[PDB]
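Only the coordinates and a few stated rules stand behind these numbers; no lab work does. For neighbour counting, all protein chains shown are included, and Cβ atoms are generated from backbone atoms with ideal geometry for every residue, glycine included.
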Amino acid sequence: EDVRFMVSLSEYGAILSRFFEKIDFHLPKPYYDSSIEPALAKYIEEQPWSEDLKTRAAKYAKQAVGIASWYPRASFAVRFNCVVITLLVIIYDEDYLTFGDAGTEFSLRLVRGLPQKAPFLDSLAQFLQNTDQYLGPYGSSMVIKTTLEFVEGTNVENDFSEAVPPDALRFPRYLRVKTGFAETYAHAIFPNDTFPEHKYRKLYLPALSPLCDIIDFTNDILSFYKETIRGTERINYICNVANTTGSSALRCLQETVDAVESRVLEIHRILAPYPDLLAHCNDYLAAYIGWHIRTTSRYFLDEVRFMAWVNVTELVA
Amino acid sequence: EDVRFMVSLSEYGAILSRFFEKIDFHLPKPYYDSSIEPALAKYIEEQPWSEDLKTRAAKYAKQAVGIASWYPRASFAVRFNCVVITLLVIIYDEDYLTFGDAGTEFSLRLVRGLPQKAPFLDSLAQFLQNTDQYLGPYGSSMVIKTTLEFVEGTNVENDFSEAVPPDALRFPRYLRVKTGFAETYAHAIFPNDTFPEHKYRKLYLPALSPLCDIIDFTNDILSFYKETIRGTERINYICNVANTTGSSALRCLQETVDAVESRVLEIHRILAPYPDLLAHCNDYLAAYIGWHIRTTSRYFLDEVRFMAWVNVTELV
Amino acid sequence: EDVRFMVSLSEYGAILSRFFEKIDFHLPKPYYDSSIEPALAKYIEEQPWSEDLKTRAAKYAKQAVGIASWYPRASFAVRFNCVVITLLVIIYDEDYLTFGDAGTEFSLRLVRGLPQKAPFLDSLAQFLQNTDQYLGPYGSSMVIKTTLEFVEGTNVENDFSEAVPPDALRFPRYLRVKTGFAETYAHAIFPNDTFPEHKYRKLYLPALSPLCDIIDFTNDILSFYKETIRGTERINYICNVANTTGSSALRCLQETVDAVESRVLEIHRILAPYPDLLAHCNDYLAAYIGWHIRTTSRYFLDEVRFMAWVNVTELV
Amino acid sequence: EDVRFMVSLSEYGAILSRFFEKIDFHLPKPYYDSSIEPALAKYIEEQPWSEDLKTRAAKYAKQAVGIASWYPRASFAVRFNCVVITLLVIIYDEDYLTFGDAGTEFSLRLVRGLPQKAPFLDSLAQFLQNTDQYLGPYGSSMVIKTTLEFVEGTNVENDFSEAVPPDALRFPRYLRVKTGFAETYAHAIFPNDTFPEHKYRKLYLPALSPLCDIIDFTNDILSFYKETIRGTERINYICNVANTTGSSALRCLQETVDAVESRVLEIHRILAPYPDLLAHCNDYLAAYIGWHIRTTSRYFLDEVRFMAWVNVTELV
Ligand SMILES: [Mg+2]
Ligand SMILES: [Mg+2]
Ligand SMILES: [Mg+2]
Ligand SMILES: [Mg+2]
Ligand SMILES: [Mg+2]
Ligand SMILES: [Mg+2]
Ligand SMILES: [Mg+2]
Ligand SMILES: [Mg+2]
Ligand SMILES: [Mg+2]
Ligand SMILES: [Mg+2]
Ligand SMILES: [Mg+2]
Ligand SMILES: [Mg+2]
């Protein structure tokens, strides 16, 4: 424990409270697709995984099925593929160690057309090979490269413990880009069936970078509780920025909240003349925040109890 | 044309002079390896390409051979593979139009273990498969992802021609990350044989983002002449930053000079306690600037007059 | 009451016997899927419906789950989607009254993208939006149009009491087309996964009209006991044909039986060269008859005494 | 060409002669409202369509303006809305290929609230969402479902060419129901402002079935020349009935003529006690036949010049 890291429940809750109204977050209404859960169950059934891998897989799939809420106006292919790749990613940012060295040569075996060192890796590679079901060419390439980046980032995510982060460096953002896997979902925000890349890609591409900034910086705002205060992840993006800039993690959370603010501002600017484009990501962002809050089984935001400052729905002298 | 986009030869030379003196650029002594050029000629013969693709390949190989200079202290594997991927990437950034719809389905075809839509893409993918010859797993993966990004970025480079950059956006850096291909050479800076990822990856990785910034931004400083003043590229990083921030192109050029300045400062900061790594990338950056100056064929820096540093040993 | 309309249990049982012997109806074996019932239970659980509609939905779900047997060769998506739309349609054909007037402005709110005046209609519209899970584009269009027809027909089903159906007209078939909802189940016999429209639309489309005639007429035949003999529905297709053609109800029943006979024959003719398509609707029709019989909850066929046939009877 | 399909001009003229005298058709007096054509021109100006989609729109609107004659005693809302939907329907029935695959996902996008794949499709969706200007709830639902049927029918219509209407089947009527789009005009025969559904629907709904029969079959009779004799369409309803029953198209024309005869007689029967409705649909039928004759730019019914006997005129 070091004082330049820890943030109290009251302070973290206050940062969340300001962050929500800074972007005017209203919790979106519940979303229930009856097809997603049995479809993903059938998917897990079809895979040639070992036991304790499917047993854990169902446990993680209960979380994964909520990703379909992120794309309410998208076709079934978009939502189900997003849920499937969400399940595959959750199996990694949780259980990447149960495969050992298998992930280190995923990039080599993927380009060489060879079966992977682990079965789950072959499942992931086959999803990368079928990305064209719901995406365009550029989107498929980005999903492949973002999966490569995510696998290698999670492999080397923990290598910088003992405050390896030297000091003056831009490296926390580089590491967070590698570990984020944000671009995969950023491209599914504008699916190729609703918005074909042919016309709409030049419209939504200038907004993609702030979209991925928003995506990455929110598993760093909303999961900062689950991994740093409640856990021990001292290598997450907030802790890296703190270890390199000297600032406390509390200050870094305020910085990141204001960052998501500014990114949202410029997102509204870019997609303003294209109301349906903007509406798609406006649905996506609220569903993202919602799924982060509701999934207490992974992010534990319910345990954050602090003081209130009752507004009494009034302000009288 | 528009006067807002034009930077005179005087101005561009002044920017090059102050850029070189800000980072203390001594023009390095020339690098010669007798093995690189015949090896690359052998490679082009070995490639089952069409004619006029083997011929322009020789024309580009003249430019591509010199990149072994960027990695002096590295094995023949590092320098030769760098030269090979350079010939491939030069061919693409010049003549990606010649392949039609071949490049757009490269990515998926690569992950499915399929033959490519064009033979040149097959050669590129085969380079991606033998990056382990001189790199570790992390480096190989980064090369693969940066190659995918470069192919798609060059394909979608000129889509934004019709003053598409809306206005308030981080997009220019996002596009330059794709078109820049920087991470490949950045990983080649610290080879797996000399500094294996087993002990040195945690040492050099926190310096890759500034190194990629330096690499991306220098072909935007030194190649700004070949593509914007002499040429017509209005969709490069400088033009996009100017098109989105409203600033003049000259302003953004001096901004990027200061950017590479600060990145070099933090590179020296990061790699101070490991002198061998710092020397490796210092060699790389000096040779990179040198290669841009020498290659008047591609960058035309003989037509602009500018200053470097000298220490009363030009007589050597 | 009226003597022209009453059909004795002897008469109705005899008509059922001859109807099943005309089309060679073996009583099908039971179909069990463990997944369908709790899945529909969870579906009802997550609905934003009220109580006394969730409880009524639970009561109807026992009847609704049987529709999965109509598609025994189909994937789970087809079967369960059919079960859910069946649950909604069963809710409506009985308790359409309990939603006031929300059905009258259902179509406008659906096309306008407005949330419905009732939440049950919201669930129904969401099913209309996710028809793509198991159907092509033509099938989805047909399901939407058929749902609109069914809702408006059920809302105007009983507007023609007091023997409104005037004298001489083709109206009964038109109204039974509206209230039949048959096209939704017809397009589910050949789903998009097993027989994509891509190749099979031109093969099974000329067979939908007789299939929908069978579906429409067999509720009228096998529920005529539950709605007219044991009940009071005097505006169903049989009673309308009676009130308009002057023939007795007992006449119209066997007219309809001969009609389904002639439809089944031409269904066999059209689908002869495609044994896969043929077997699918063979299974559908057998299970449809079986569900009508076994659902004594709503059709009460256990009270009449009629005859199928079998030869190897013991089985299991 | 095949002998089973071609009708000689004398034969077709005789068929049309007997058809006209069977239904007692006196060509109605010319109709004109100065408001309509400039209003539709303003509407086409309002549309966000491309050029040559607006250049063709002016050409088709000249055909489409005459539809206001079909509803003389109706308000301007009914007449102008029918004219607008007629213009959209003509545009799609002629140039559905020009929109690519936009129509195939018209229904889903319509119920998901998403914008259409073509601007014209969004214009059509707006008409569907505002059908309540001149109709009741049932009429709006019928128009929406009939438009979905029309779009998918026009898509899949020619998919049954090359003689694949198998052999034994009810399919030609099933396809002509979808391609006909007849219900949209049939409901406008009894508009909601003059005859609200609040009272009159139980009076006129039994007459809708033969009215749609009349619309489909009358167009099939009067357009048979322009599409099968003069043109090339071998997938219209007449050719389909011929290809399934084995009859000649010459035969099927007379079959359909007598069918229209019967439907007209039963229409006169249904609306006998309600003369207000009977006069309205009489107006519609006269105007519909007349408009088929007048619009020689589309149906070319002036070109049927054929020998005929000469009678004598009495009352001397
Ligand atoms: Mg983690
Ligand atoms: Mg991670
Ligand atoms: Mg995290
Ligand atoms: Mg270039
Ligand atoms: Mg480039
Ligand atoms: Mg350049
Ligand atoms: Mg009923
Ligand atoms: Mg009903
Ligand atoms: Mg019934
Ligand atoms: Mg047509
Ligand atoms: Mg036509
Ligand atoms: Mg016609």
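Enumerate by residue number the trypsin sites (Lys or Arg not before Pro) in the range A:199-306 meeting two conditions: DSSP loop (anything except H, G, I, E, B), and at most 11 other Cβ atoms within 10 Å of the site's Cβ.
On the way: sites: A:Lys199, A:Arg201, A:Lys202, A:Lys226, A:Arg230, A:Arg234, A:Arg251, A:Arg263, A:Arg269, A:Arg294, A:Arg298, A:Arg305; in loops: A:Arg230, A:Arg234, A:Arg305.
Counting only loop positions with at most 11 other Cβ atoms within 10 Å, the trypsin sites (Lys or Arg not before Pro) in the range A:199-306 are A:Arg305.
If you take the beta carbon distance between D:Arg18 and B:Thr232 as r and set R0 to 60 Å, what does 1/(1 + (r/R0)^6) give as a FRET efficiency, to the nearest 0.05?
Working: r = 74 Å, r/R0 = 1.24.
My answer for the efficiency is 0.20.
Helix screen, chain C: DSSP H segments with Cα axial length of 30 Å or more and mean Kyte-Doolittle hydropathy at least -0.5 are C:249-270.
Here A:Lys145 is the anchor, and the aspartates and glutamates within straight C-alpha reach of less than 12 Å, apart from those fewer than 8 places off in the same chain, are A:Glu183, B:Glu149, B:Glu152. The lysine pair count for chain B, using Cα distances under 22 Å and pairs eight or more places apart or on different chains, is 13. Let me know the shape class of chain C, please: from the alpha-carbon gyration tensor, a ≥ b ≥ c as square roots of the eigenvalues, rounded when a/c is under 1.5, otherwise prolate if a/b is greater than b/c, or oblate. Rounded shape, in that the Cα axes give a/c under 1.5. When each of D:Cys281, D:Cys212 is scored by the number of other beta-carbon atoms lying within 10 Å, the sequence from fewest to most is D:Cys281, D:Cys212. Each of the GluC sites (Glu not before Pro) that DSSP puts in a loop and that has at most 11 other Cβ atoms within 10 Å breaks chain B; the longest unbroken stretch is B:163-313. Could you pull out which residues in the range B:221-241 have an amide N less than 20 Å from a spot 7 Å beyond the Cα of B:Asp167, following the Cα-Cβ vector? Residues passing the 20 Å test: B:239-241.
Taking the Cα centroid of the range D:1-69 and of the range C:27-69, what is the distance between the two, rounded to the nearest whole Å? With the range D:1-69 and the range C:27-69 each reduced to a Cα centre, they are spaced 52 Å.
Could you tell me which chymotrypsin sites (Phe, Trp or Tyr not before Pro) in the range A:263-302 are loop residues by DSSP with no more than 14 other beta carbons within 10 angstrom of their beta carbon? Intermediate values should be presented prior to the final figure.
Values: sites: A:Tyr284, A:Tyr288, A:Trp291, A:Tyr299, A:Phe300; in loops: A:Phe300.
Within the range A:263-302, no chymotrypsin sites (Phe, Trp or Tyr not before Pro) qualify (loop, at most 14 other Cβ atoms within 10 Å).
Amide H contacts of B:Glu303: none lie under 5 Å away among residues 5 or more positions distant or on a separate chain (H built 1.01 Å from N in the peptide plane; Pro and chain starts excluded).
Mind running the shape call on the protein assembly as shown? Use the C-alpha gyration tensor, a ≥ b ≥ c as the square roots of the eigenvalues: rounded below 1.5 for a/c, prolate if a/b tops b/c, oblate otherwise.
Values: a/c = 2.36, a/b = 1.85, b/c = 1.27.
Prolate.
Cross-link partners for A:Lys22 among the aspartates and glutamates, with Cα-Cα distance under 12 Å and sequence neighbours closer than 8 places in the same chain left out: A:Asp258, A:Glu261.
When the helices in chain B are scored as -39500 (n - 2.57) per DSSP H run of 4 or longer and the sum is shared across all residues, what 222 nm value do you end up with, to the nearest 500 deg cm²/dmol?
It comes out at -18500 deg cm²/dmol, rounded to the nearest 500.
The order of D:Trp309, A:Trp70, A:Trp309, going from fewest to most other C-beta atoms within 10 Å of their C-beta, is D:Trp309, A:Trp309, A:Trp70.
The spacing between the range D:279-316 and the range A:281-307, judged by their C-alpha centroids, is 72 Å. In this rough spin-label picture, where each label sits 7 Å from Cα along the Cβ direction, the B:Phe5-A:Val3 distance is 5.8 nm.
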